[PDB]
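Participant: I would like the atomic coordinates for the input below:
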Amino acid sequence: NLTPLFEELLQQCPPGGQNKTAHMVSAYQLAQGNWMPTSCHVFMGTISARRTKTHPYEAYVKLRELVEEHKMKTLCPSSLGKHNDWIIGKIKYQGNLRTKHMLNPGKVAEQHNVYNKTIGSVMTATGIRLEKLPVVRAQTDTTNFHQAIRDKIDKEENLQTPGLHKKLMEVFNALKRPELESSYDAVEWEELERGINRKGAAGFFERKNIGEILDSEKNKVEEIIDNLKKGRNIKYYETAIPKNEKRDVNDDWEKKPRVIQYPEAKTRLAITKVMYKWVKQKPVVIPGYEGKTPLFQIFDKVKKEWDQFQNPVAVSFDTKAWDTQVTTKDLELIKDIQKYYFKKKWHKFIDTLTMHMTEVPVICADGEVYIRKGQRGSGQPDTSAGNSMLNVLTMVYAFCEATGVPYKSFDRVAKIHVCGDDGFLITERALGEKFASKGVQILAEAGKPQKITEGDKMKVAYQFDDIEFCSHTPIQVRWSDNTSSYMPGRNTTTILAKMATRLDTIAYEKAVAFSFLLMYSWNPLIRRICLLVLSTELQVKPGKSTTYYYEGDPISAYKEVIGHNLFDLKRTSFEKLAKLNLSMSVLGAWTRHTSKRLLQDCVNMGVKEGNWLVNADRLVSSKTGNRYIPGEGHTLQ
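Facilitator: Residues are numbered from 1 along each chain as shown. Shown next is the protein structure:
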């Protein structure tokens, strides 16, 4: 009966190893009674117990007792490493973070959401009620910023199963790429400068952004590389800022933590110049890594896998606050894998870098300092590559331990896909259901707790378009050549909000409209707003600040990456569209007039003489009698 109470308690339990010297009992056995727990250290959901005359509820209080006594004896222990001493010398005032689990040695000296006016007014012309759209890209004040630190970052490292990382290395060995062993070398400045945002933010003590350092202090970046190569400490620190702050800028081309934590600009450059081939995944060596896959391609790619199983399911990876769950032992596991691929001349570089990373001085925007114990910093060059690999290994381990499949046999029964901590695997229904039910506890013990579903089971998708990945979900479309394909779907209310606002001109907006058209042409509402915005001021070229932009004609650019003409899209999946439109009605962001007013405005523009983008919309052109004849055009990043 009280099996669920025990299963709840068993994920508070400290992870332990296998105990052959005693009886290991599960939550079922404890609930049955006549089992007396001798230790709260959990191993694969089992506890050491003693046969006795014990009623169930009494056994629960013993375990709960144990779990609390152990928690009392390990909640507030640490020395500062010598290489981090320098930060103490910059402290000027006493600290007020009030951290409980990490040192707040003090404070060093000190050092908006607006509308896209064209996109926004097209929406309003339609009767879309902007003030009813969800809030996106919200900023946070210093007070809630420091609370987020206290809430998420201020913690002890997760305890993990003894010998866990040995086993995760055994998984790695089952998927390494031996032809690449000990081959990675640094890259040239020219190759680095090709894929780099020159606006990459400066760190707390820095003044110049990435571009300015490139142009004028390349020797400072090389002094850092030289120090690390030789095993010598650098002054490593990360800067904390709240999400959507001015320095919340991406180095490379929503899921971010509330607390961005990033290395200096000179330092991000030192790491990338040496560790390029791994942090950029050139080539891809992490199985199922979708970091380079365009969002308009991913679900088509995944469906071909889905179609080869007999009764496929997909099991979602959903780790609570992943970056705060990364342990020193996790980072060293990634260090060891990096050393596998890199030439030996860079091993001491990787050792020293990783060492700096296990205890990181972090400086808040306002100057407060905390010493972070392990964990991942949002802004590190190795976030995507390091988190993806750690996610893959951990999930393959967990699936294999839950199902009994051997690590070397994973590739035979499942497909995995990851984008950092985000991912899922496809496998046969029986395997997937076993993993979903037993994964929660195994991954708790591995130090990667899940956001657990009703019933404490992992989320399982029994039909393809129930998969969740990168905040999107498959939705099918029907083309006029009698084929079907899949596009990245997402709630209309969310798409509208994202398209309608930015953080602090026409050329930008048309870059956005194009970008959104590439992802959301399955959504008639979004598609028609896009075409109206692209119809604005045809003489101004699109900006290049966003995900994509077009050279020449946007409609032809679309056809180049999507594989059909916009005008060939004849149907969007009726059921799924209804799901993704639901919130529009719940929130009252549209009315009964909104689709017809938007279509009418498109028709009014397209009936007139000339060559109008809006006539690339199959239904708009059907009502106007005119088509769009498109020029040349190409999509660019």
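
Participant: where do the helices sit along the stretch 51-200 of the chain?
Facilitator: All helices of the stretch 51-200 of the chain, identified by DSSP state H, counting those that start in this stretch, fall at 56-72, 117-125, 142-148, 164-173, 189-194.

Participant: need the ones you listed in a markdown table with distance to residue 405, can you?
Facilitator: Where you see a C-beta, it was placed from the backbone N, CA and C, and this is true even at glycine. Output for the helices of the stretch 51-200 of the chain, formatted as a markdown table (distance: least, C-beta to C-beta, whole Å):
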| stretch | distance to residue 405 |
| --- | --- |
| helix 56-72 | 30 |
| helix 117-125 | 49 |
| helix 142-148 | 39 |
| helix 164-173 | 12 |
| helix 189-194 | 40 |
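
Participant: which one of those helices lies closest to residue 331?
Facilitator: The closest approach between residue 331 and any of these, judged by C-beta to C-beta, belongs to helix 164-173 at 10.1 Å.

Participant: Give me the contacts around that closest one.
Facilitator: Applying C-beta atoms under 8 Å, 6 or more residues apart in numbering, the contact partners of helix 164-173 are 15, 329-330, 332-333, 336-337, 340, 393-394, 396-397, 400, 407, 410, 446-447.

Participant: what's the answer for stretch 564-577, then?
Facilitator: 465, 473-481, 489, 517, 521-524, 527, 555, 558-559, 615-618, 621, 627-628.

Participant: Which ones among the residues you listed lie within helices?
Facilitator: Those of the contacts of stretch 564-577 mapping onto helices are 517, 524, 527, 555, 558-559, 618, 621, per DSSP state H.

Participant: which one of the residues you listed has the most neighbours?
Facilitator: With neighbours taken as other C-beta atoms under 10 Å, the top of these is residue 517, carrying 28 neighbours.

Participant: Leaving out sequence neighbours, find the closest residue to that residue.
Facilitator: Among residues not flanking residue 517 along the chain, residue 530 sits closest, at 4.2 Å (C-beta to C-beta, 6 or more residues apart in numbering).

Participant: just how off-centre is the host helix or strand of the one you found within its chain?
Facilitator: Per DSSP states H and E, residue 530 falls inside helix 524-534. Centroid displacement of helix 524-534 relative to its chain, using C-alpha atoms, centre = their mean, to the nearest Å, is 28 Å.

Participant: What is the helix or strand just after it packed up against?
Facilitator: Going down the chain from helix 524-534, the next helix or strand is strand 549-552, by DSSP H and E. Packing partners of strand 549-552 (3 or more C-beta pairs under 8 Å, 6 or more residues apart in numbering; DSSP states H and E): helix 506-520, helix 554-562, strand 633-636.

Participant: out of those, which comes closest to residue 578?
Facilitator: helix 506-520 (16.0 Å).

Participant: Let me see the residues that make contact with stretch 138-149.
Facilitator: For stretch 138-149, using C-beta under 8 Å, 6+ apart, the contacting residues are 96-97, 99, 112-113, 240, 242-245, 258-259, 364-366, 368, 370.

Participant: again, but for stretch 301-317
Facilitator: Residues contacting stretch 301-317 (C-beta under 8 Å, 6+ apart): 293, 391, 395, 399, 415, 417-418, 421-429, 432-433, 435-436, 439, 458-462, 464, 466-469, 474, 486.

Participant: Just the CA trace of it, in PDB.
Facilitator: In PDB, the C-alpha atoms belonging to stretch 301-317 read as follows (Å, rounded to 0.1, in the frame of the first residue of the first chain):
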ATOM      1  CA  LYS A 301      15.400  13.300 -39.300                       C
ATOM      2  CA  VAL A 302      13.800  11.700 -36.200                       C
ATOM      3  CA  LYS A 303      10.800  10.200 -38.000                       C
ATOM      4  CA  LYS A 304      12.900   8.000 -40.200                       C
ATOM      5  CA  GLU A 305      14.300   6.400 -37.000                       C
ATOM      6  CA  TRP A 306      10.800   6.200 -35.500                       C
ATOM      7  CA  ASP A 307       9.500   4.300 -38.600                       C
ATOM      8  CA  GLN A 308      11.900   1.500 -38.200                       C
ATOM      9  CA  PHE A 309      10.700   0.300 -34.800                       C
ATOM     10  CA  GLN A 310       7.700  -2.100 -34.500                       C
ATOM     11  CA  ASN A 311       5.900  -0.300 -31.600                       C
ATOM     12  CA  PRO A 312       8.200   2.700 -30.900                       C
ATOM     13  CA  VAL A 313       7.900   5.000 -27.900                       C
ATOM     14  CA  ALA A 314      10.000   8.000 -27.000                       C
ATOM     15  CA  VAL A 315      11.100   8.700 -23.400                       C
ATOM     16  CA  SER A 316      11.900  12.300 -22.500                       C
ATOM     17  CA  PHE A 317      15.000  13.500 -20.700                       C
END
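
Participant: centre of the chain versus it, how much separation?
Facilitator: Mean-position distance between stretch 301-317 and its chain equals 21 Å (C-alpha atoms, centre = their mean).

Participant: for stretch 605-621, same thing?
Facilitator: 39 Å.

Participant: How is this protein partitioned into domains?
Facilitator: Here the domain parsing of the chain from automatic domain parsing is 3-72, 164-461, 473-636.

Participant: so can I have JSON lines of those showing distance to residue 131?
Facilitator: Shown next, in JSON lines, are the domains of the chain (distance: least, C-beta to C-beta, whole Å):
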{"stretch": "domain 3-72", "distance to residue 131": "41"}
{"stretch": "domain 164-461", "distance to residue 131": "20"}
{"stretch": "domain 473-636", "distance to residue 131": "9"}
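
Participant: Tell me which of those approaches residue 81 most closely.
Facilitator: domain 164-461 (5.4 Å).

Participant: Quote the end-to-end distance of the closest one.
Facilitator: 28 Å (C-alpha to C-alpha, to the nearest Å).

Participant: Stretch 196-206 now?
Facilitator: 18 Å.

Participant: And it, what's buried?
Facilitator: For stretch 196-206, the neighbour count (16 or more other C-beta atoms under 10 Å) marks 196, 200-204, 206 as buried.

Participant: Repeat that for stretch 518-538.
Facilitator: 518-535.

Participant: And stretch 48-68, by the same measure?
Facilitator: 48-49, 54, 56, 59-60, 62-64, 66-67.

Participant: could you give the angle of the helix holding residue 530 to helix 506-520?
Facilitator: 150 degrees (axes from the mean of the first three to the mean of the last three C-alpha atoms, to 10 degrees).

Participant: Would you mind writing the CA trace of helix 524-534 as CSV?
Facilitator: Coordinates of each C-alpha in helix 524-534 appear next as CSV, following Å, rounded to 0.1, in the frame of the first residue of the first chain:
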residue,chain,number,x,y,z
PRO,A,524,-1.5,29.9,-41.1
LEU,A,525,-1.7,32.8,-38.6
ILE,A,526,2.0,33.1,-38.2
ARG,A,527,2.6,32.4,-41.9
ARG,A,528,0.3,35.3,-43.0
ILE,A,529,1.8,37.8,-40.5
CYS,A,530,5.2,36.9,-41.8
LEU,A,531,4.2,37.5,-45.4
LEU,A,532,2.7,40.8,-44.6
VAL,A,533,5.9,41.9,-42.8
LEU,A,534,8.1,40.7,-45.6
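
Participant: what does that helix contact?
Facilitator: So helix 524-534 is contacted by 118-119, 122-123, 126, 492, 495-496, 499, 509-510, 512-514, 516-517, 520-521, 554, 566, 572, 590, 594-595, 598-599, 601-602, 605, 613-614, 616-617, 619-620 (C-beta under 8 Å, 6+ apart).

Participant: Just the buried residues of the residues you listed.
Facilitator: The buried subset of the contacts of helix 524-534 (16+ other C-beta under 10 Å) comprises 118-119, 122-123, 126, 492, 495-496, 499, 509-510, 512-514, 516-517, 520-521, 554, 566, 572, 590, 594-595, 598-599, 601-602, 605, 613-614, 616-617, 620.

Participant: Surely residue 24 is in contact with residue 45?
Facilitator: No. Residue 24 lies out of contact with residue 45 (C-beta atoms under 8 Å); the separation is 9.2 Å.

Participant: more crowded one of those two?
Facilitator: Remark: of residue 24 and residue 45, residue 45 carries more neighbours, 22 against 18, as counted by other C-beta under 10 Å.

Participant: nearest spatial neighbour of that one, skipping sequence neighbours?
Facilitator: Counting by C-beta to C-beta, 6+ apart, the residue nearest residue 45 is residue 441, at 4.3 Å.
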